[PDB]
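A, B, C, D, E and F label the chains in the order they appear, each numbered from 1.
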Amino acid sequence: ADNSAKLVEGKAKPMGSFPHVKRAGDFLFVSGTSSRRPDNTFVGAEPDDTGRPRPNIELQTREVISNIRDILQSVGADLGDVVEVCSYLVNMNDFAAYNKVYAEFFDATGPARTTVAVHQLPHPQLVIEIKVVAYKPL
Amino acid sequence: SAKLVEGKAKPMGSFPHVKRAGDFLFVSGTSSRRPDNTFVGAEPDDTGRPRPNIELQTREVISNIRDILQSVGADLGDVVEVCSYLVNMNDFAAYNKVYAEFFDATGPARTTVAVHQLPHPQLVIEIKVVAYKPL
Amino acid sequence: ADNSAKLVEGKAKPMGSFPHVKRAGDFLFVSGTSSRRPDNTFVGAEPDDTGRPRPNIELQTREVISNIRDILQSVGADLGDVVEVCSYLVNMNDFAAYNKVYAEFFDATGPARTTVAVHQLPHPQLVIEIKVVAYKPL
Amino acid sequence: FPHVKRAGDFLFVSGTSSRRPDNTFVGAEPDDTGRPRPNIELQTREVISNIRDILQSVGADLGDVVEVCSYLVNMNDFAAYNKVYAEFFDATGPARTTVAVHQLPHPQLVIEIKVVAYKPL
Amino acid sequence: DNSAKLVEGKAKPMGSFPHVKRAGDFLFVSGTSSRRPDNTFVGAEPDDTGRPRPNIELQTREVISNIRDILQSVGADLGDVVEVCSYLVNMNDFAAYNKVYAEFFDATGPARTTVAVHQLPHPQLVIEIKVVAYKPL
Amino acid sequence: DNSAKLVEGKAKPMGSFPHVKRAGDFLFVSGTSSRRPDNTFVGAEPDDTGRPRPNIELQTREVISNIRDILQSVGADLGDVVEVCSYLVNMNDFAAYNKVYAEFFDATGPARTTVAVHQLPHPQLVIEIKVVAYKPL
């Protein structure tokens, strides 16, 4: 519909020609979200002295879910409206720490979840990207 | 709207097996893992080394998905999207054979990929589904 | 219901016992789609001089989206009804060319998008498969 | 066939697969759908047999092998590969290292092995 | 002959092969992990839920220590190593692995090649190292 | 004593190791990439968006030229190479890599093994090669 898609001010510009979130009837589809900042630096991938990124799954996961919360808030929803989470790791050795952060945000009572490790995410510094579906009738 | 199914394996994290949203049901990625955290279809050999069996795991995964749906008054006939995550495409033909025991071309859309890893090294398949069932 | 699933005439036969597209209320779920033709050859994987397939992400991505359009058209919908795109690459070095083709078809007023590289797709010649969700009330 | 190169007392054998000179594969029989069914047991046995043939071409044999590097694609294939390996070598034989790689050069392959052998002239 | 050696007090090899094989003046050491004799793993202690928590620093240190023990059992030492091949599973582990490597070797020591493979033979491993050493009898 | 060499003017090794190590009559050359001395990369020019675009042909040619330089610094040349181990990251790069390889080497020259690994030590890389050469003093 006319204003179904939203680019959210203050968030990182999407990697391609697509919005952060798309409404469809009562549903909201949130594009895969990373810890990347608007200046194209990465939360939780601070380079060390040699310039080598040191990815931190705890820091990136917390920032990804925080970013998703901001996106939902821009279209009148919040984390309590999320009904499906798809989480893409790059290494399952990051699972325990990612799971610990996930539990800071989602309770009983929360969305369905699926977690897999993919071969690569779109930037080599990423160790997590999450896409969600949310439900909130207008 | 959210459901923890009894006698199914306790979810890896703070999430239900299934979540209702309006007329829809979202089912979390499901494996052959039993409640006691052993796995159907990953029996250890004599050295203690698990031997994954894609046919056995796939059948148990879909059976488990059926059970989850049934706990909220739905069934496999209500499934509309299947996403399947293998770890090696050489397991495709067996997975494909078991899939056909449960679904046909009047059933759900299906997407199948091999991922780098599933959450337990014994696993060779996990499936998540979307189902449609107005109250 | 009885006519909710559709096998589309003129499209490649699905790899398993499933339809090209499935309606659920106002939504349409489109099965993961490749550049495979109805005759089981592939667009964008021409053999080189030794017979070794040479995958071409530009050509495959264009064919995949063209095919998704065909499937949607067969049930009275179109790319403008798409609301979520999930793209599966095998090599992130293919991302830039994939991204360029995606922009030929969709823009920021269109669907949410998620892109990851998987370990393997169902045929070794493939470098992209895409599944979509569309929204089109009857 | 994969090539062997002598260097002093040593023989370096190119990574060897179950592929034939005519580009067909031992141990990846296609189903009626045309999709290959890679078999680690058949491929491993053929690879080690192929390495034996290459070594015999230059006067050596598997008893002269001193290092084995094995490349799988799927560690779920390990147990069966391991059993075939034991048909040809034992603990008095070569050092061995086994990993799974992201890809081998052909999608039908589930094993490739490179070896170093020692056979002074 | 005496060319192949099974080193006492080390983890039993997972196939029918020795820890180290001599060939003329050379020693080939089989790929070595942090796995202990009792088949537990240094640097992959299970957490609260029983899930292994791999630690590249701890595993890398134990790997090179095991290789040192193996060489010392045949009268060689790390000063004799001439080629190191390191197999990670995740390049995000590189920096910590690299720092541990420097505890044992320097630029007067062996050539080194480091890659991340798809899988090692046990899922808890984040490093395995194969070496070639040179030690004339 | 003089068996290890850090080759002047080449990209600095990523860790505490030399470019090449002698062992008796053999030379072991560390895995080599297209990385320049200033730690930029040949064959991975960024596109408009600043995203690197790896080029297997350009990287492979630079890798072999670098290996030639390293061998020449210790008095050897490509003719002395007896084993080649090549690490790709995607087999769709294989044909082009092989074409460049054949510009330098006879196919019945050195023994060769080519696999695709999960990752190389820098994400811009699509090829790294390690060699063993034979050159008695």
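Brief remarks on what is shown
We take it that a contact is a pair of C-beta atoms (placed from the backbone, for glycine too) under 8 Å apart; a residue touches a chain by one contact, two chains touch by 3 or more.
Common neighbours of chain C and chain D (chains touching each): B, F. In the contact between chain E and chain F, the residue numbers used by both copies make up under half of all numbers at that interface.
Between the Cα centres of chain C and chain E there is a gap of 45 Å. Separating the centre of chain B from that of chain D, both taken as means of CA atoms, is a distance of 36 Å. Per-chain CA centroids place chain E at a distance of 24 Å from chain F. Chain contacts: chain B has residues 24, 83, 87-88, 92, 115-116, 121, 130 touching two or more partner chains.
Of all residues in chain D, only 2-8, 10, 12-15, 69, 71, 101-105, 112, 114, 116 touch chain F in the complex they form. Taken in their complex, chain D has these residues touching chain E: 9-10, 66-69, 72-75, 78, 82, 85-86, 89-102, 116, 118, 120.
On chain B, the positions that touch chain D within their shared complex are 45, 47, 49, 51-52, 87-88, 90, 92-93, 124.
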